[PDB]
Amino acid sequence: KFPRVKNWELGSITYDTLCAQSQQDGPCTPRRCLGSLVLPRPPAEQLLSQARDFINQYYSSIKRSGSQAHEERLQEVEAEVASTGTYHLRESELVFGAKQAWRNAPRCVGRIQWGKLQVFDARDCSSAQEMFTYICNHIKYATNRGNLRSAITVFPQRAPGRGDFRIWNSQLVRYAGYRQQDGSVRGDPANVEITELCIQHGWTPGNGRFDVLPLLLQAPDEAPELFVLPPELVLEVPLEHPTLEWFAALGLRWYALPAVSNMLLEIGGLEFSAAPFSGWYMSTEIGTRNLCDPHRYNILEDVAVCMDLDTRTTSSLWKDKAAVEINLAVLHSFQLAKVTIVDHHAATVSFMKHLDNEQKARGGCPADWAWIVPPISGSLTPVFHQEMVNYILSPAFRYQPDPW
Amino acid sequence: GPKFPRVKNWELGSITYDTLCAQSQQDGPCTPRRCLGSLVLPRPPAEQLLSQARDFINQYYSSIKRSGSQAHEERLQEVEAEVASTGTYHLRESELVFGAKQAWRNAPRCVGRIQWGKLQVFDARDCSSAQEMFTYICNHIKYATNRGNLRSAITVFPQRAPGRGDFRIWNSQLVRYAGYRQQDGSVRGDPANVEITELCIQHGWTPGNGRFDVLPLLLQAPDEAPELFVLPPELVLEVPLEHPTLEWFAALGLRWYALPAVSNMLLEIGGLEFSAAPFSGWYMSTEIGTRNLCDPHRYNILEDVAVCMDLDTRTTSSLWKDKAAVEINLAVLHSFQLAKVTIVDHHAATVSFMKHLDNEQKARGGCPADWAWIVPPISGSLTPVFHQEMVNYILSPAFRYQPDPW
Ligand code: HEM
Ligand code: HEM
Ligand SMILES: N=C(NCCC[C@@H](NC(=O)[C@H](N)Cc1ccccc1)C(N)=O)NN(O)O
Ligand SMILES: N=C(NCCC[C@@H](NC(=O)[C@H](N)Cc1ccccc1)C(N)=O)NN(O)O
Ligand SMILES: C[C@H](O)[C@H](O)[C@H]1CNc2nc(N)[nH]c(=O)c2N1
Ligand SMILES: C[C@H](O)[C@H](O)[C@H]1CNc2nc(N)[nH]c(=O)c2N1
Ligand SMILES: [Zn+2]
């Protein structure tokens, strides 16, 4: 009933009793495991139960469970849902639900920070124009001149029948991807599609590898509007190597603020189709995946050649060598430009403390091993040796379909 | 679309559906409520042995393209008969070979399965004494090692009989280094083998005191205390470790054996259980150069090496671990190659596994794979398997883990 979780490096053993709190099924069955898959294949009753449960969680957190306010609040919920089929959250509950959602996110290695989160309430938003206003202040606050601060801005919840508020982009800041001559792609191939949708709704494209995309904000049941972020708002870091003086020539750079904007935030049944959040990057996100993925910037061979390595054979480990320097570059740069950044070694060790804190606080922690273990040097980090249990808890961040 | 799991590769964008998982008959540890896929270890009825025996026979006759033939029907009638009167049964020579290869083919944690059809199966089912086991084991090592040009192979000992004690090899591999517990508490040698070393000593072994002492074998015959045997040094091939451009690396005196030979798994076929069936192939460089030499709970040489390279080991942001881990793997590859001993780097192996998936998609509708184990310990996303989704499920014949015989 309760899984046994073991750390094969130290021999320690814990029992995950938190999983019993899961009210939603994952992708696996006793016949086969689909844990490595990226993507998974209301009546008054539904909303009500979730809402009540969430309200019970909120009052336990403030040590006033069963109290007077707890009672009246549960009643305000029955009351609102009974006559409108739904309800609304008080600002302090919303703040509790957002932090809780981060806490419950199995694929995030930085949850040690879950408690420090600045929540911006933008549920009184009525147009894509206002959205762009809230987004500009989020970026301005989150970036904080390089000394990054975690934050999230919550826009209006979804309402039955009506169109959702949406941020078409998957990150507030993303470089354009332009399909050219042949199958070739200039810039970031992952953003090819969104780049084309931006050109379709106007926008004079650039012809660079690192052109910051415009934003396509959408208000309910209306076509999306294109807005352009003030360049002084979008902080960037030119990449250079601590010893490889020619690395800087490559003209590589990345944005300082990782701001996910494509996920759905579910709290007590309500669903916030638009709620961009941001913390700060872990160096492998940029150094290994963004720059070395074959279907991304794919700069592995370039830096290899420049390093005078033998790309003729795999056994020379030229791939591995270049990947380490490129990652070193990202770390060196950021620290030099005085912008917040965490290396995969420091991040996974803090994640280990997080597991212990959560073991004492709740009896376990939902974790997706495939995502927690970094893209390079997996076993050189402590999480590789740590067993993990994955399950879905609410509040939660979930993936949702693309607007178009 | 289809009523089977959809499987995507995110590098290429290609999709496939796994229909082979419908052949599974043993449930794993996951439930719709929680996934335990990252767990290393998830926690006979005359009627049930038939179900398995009958299934395996159909599998065998389909591989030779004779399903429904009279020979097929006769083999089934015969198997049922033999079990209905003795409570068990035996596999013909050809079925053992088929079954052995299928167990490897079905191993979810093995990245070298593209070599599955090429496996030398040595039948040693006649064996009747620990001493005899040792002759077979030495022959296997001799044949498999082949002076550096390794050849995959497996030796099969007598299956588990009713009430009768199992044949067992106590060591986890036929060739492993001793682990000596120091008074201060540190370990000299390979920490993973401390328990098997102590047991050998109690059983009569005269331990050495180096970091790399080839351990003696503890072979147990049915209903008997394990007898101990030492491997003639000429049989056990080893490779000294040097680095191509860092001359001081050789000074470290690091080395590793050439033959990887798992000896603690149970080979299961049609319900029959072969508690002792050691197999070997050849190393993927990361096994040695990353897990065995760098795991903090193994040799743990990362710092020693980083210090020699003059890296700053006081700050994780220098990526000193990554830098030393790479060079160490380059040293393993360089040394095996210079010594003319078969070895495969993680880039070559993962690429071959991607080819194996494509072959199995056509041949069986899929392939059971353990993502956490398939993706290499260093440079994960730099290899193609990191971007390949994988479905995991138990298929029989199979290699299962078995409790230690003590
Ligand atoms: C404070 C620093 C933070 C760091 C270093 C961090 C790092 C990470 C990393 C490395 C991943 C995987 C990224 C990928 O492979 O694409 C991740 C995923 C995620 N993080 Fe965090 N995170 C931080 C803050 C946040 C915040 C504040 C939230 C939300 C309030 C959060 C929510 C998530 C979620 C939902 C995922 C999975 C997203 C997906 O599936 O694409 N993280 N995080
Ligand atoms: C021909 C070269 C071979 C290569 C390169 C290869 C490579 C690998 C690797 C890298 C692992 C994981 C090692 C670890 O993390 O401990 C593995 C596991 C495994 N291999 Fe292979 N393999 C080969 C041959 C064989 C053979 C001949 C068999 C058996 C007939 C086989 C059966 C298995 C099994 C059952 C496992 C799982 C062991 C465990 O769970 O601890 N492999 N293989
Ligand atoms: N450091 C982070 N990291 C989170 C990065 C999330 C990252 N996710 C991704 O890039 C996912 N691969 C998008 C995806 C999901 C499912 C199917 C297809 C594609 C992104 N949005 O940029 N966040 N902070 O600090 O808030
Ligand atoms: N290249 C290989 N690799 C297989 C290596 C298997 C390797 N396995 C291991 O070292 C597992 N960690 C043993 C274990 C499993 C579960 C719980 C505790 C301990 C070993 N035996 O040496 N083999 N060939 O070629 O057959
Ligand atoms: C197929 C596989 O699930 C996929 O490539 C996953 C693996 N682990 C990951 N881990 C992180 N952090 N981010 C990712 O995008 C992925 N991709
Ligand atoms: C806890 C986790 O399951 C464990 O460390 C696994 C991860 N992946 C692995 N992969 C391989 N090839 N071998 C291993 O021993 C492991 N150990
Ligand atoms: Zn699972």
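Worth pointing out:
- Mean-position separation - Cα centroids, segment B:156-183 and segment A:317-383, in angstrom: 38
- ³J(HN,Hα), Karplus 6.51/-1.76/1.60, whole Hz, each residue of segment A:64-80, x for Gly, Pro: 9, 5, x, 5, 6, 4, 4, 5, 5, 5, 4, 6, 4, 5, 3, 4, 5
- Charged side chains reduced to their Cβ positions (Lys and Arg at +1, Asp and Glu at -1) give segment B:59-201 a dipole of some 700 debye around its Cα centre.
- Taking the centroid of alpha carbons for each part, segment A:271-301 and segment B:93-110 are 41 Å apart.
- For segment A:189-294: relative contact order, % (alpha-carbon pairs under 8 angstrom, 6 or more apart): 14
- For B:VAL341, the shell of other residues with beta-carbons less than 11 Å away shows a net charge of +1, using +1 for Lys and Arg and -1 for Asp and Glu.
- Chymotrypsin sites (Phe, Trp or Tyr not before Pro) restricted to segment A:235-317 and DSSP loop, no more than 11 other C-beta within 10 Å: A:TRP246
- Here the Karplus curve 6.51 cos²θ - 1.76 cosθ + 1.60, taken at θ = phi - 60°, turns the phi angles of segment B:286-294 into couplings of 4, 3, 7, x, 10, 7, 5, 8, 10 Hz, with x standing for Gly and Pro.
- Distant-in-sequence amide H partners of A:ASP343 (H built 1.01 Å from N, under 5 Å): A:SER283
- Of the residues B:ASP304, A:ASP188, the one with the fewest other Cβ atoms within 10 Å heads the list, and the complete ranking is B:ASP304, A:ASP188.
- The relative contact order of segment B:287-387, computed from alpha carbon pairs under 8 Å that lie at least 6 residues apart in sequence, is 21 percent.
- Proxy reagent accessibility, fewest Cβ within 10 Å first, across A:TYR178, B:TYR393: A:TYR178, B:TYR393
- Computed on the Cα trace of segment A:1-91, the radius of gyration divided by the Kirkwood hydrodynamic radius gives Rg/Rh = 1.12.
- Put simply, the amide H of B:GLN173, placed in the peptide plane, has neighbours under 5 Å in B:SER263, leaving out anything fewer than 5 places away on its chain.
- Amide H contacts under 5 Å for A:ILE392, placed H, 5+ residues apart: A:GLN24
- Counting neighbouring Cβ atoms within 10 Å and putting the fewest first, the residues A:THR29, A:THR348 line up as A:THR29, A:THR348.
- Estimated purely from DSSP H runs of n ≥ 4, each contributing -39500 (n - 2.57), the mean residue ellipticity at 222 nm for the protein assembly as shown is -9500 deg cm²/dmol once divided by its residues.
- Pairwise FRET efficiency - B:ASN58 versus A:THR84, Cβ, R0 = 60 Å, nearest 0.05: 0.50
- DSSP beta bridges confined to the protein assembly as shown are antiparallel in about 85 percent of cases.
- DSSP assigns beta bridges within segment B:239-359; of those with both partners inside it, close to 90 percent run antiparallel.
- Here the 3J(HN,Hα) profile of segment A:193-201, calculated from phi with Karplus coefficients 6.51, -1.76 and 1.60 at θ = phi - 60°, is 4, 4, 4, 5, 5, 6, 6, 5, 9 Hz, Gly and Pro shown as x.
Bear in mind that the values in this text are calculations on the coordinates, not laboratory data. Note: ideal-geometry Cβ built from the backbone for every residue, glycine included; neighbour counts use all protein chains shown.
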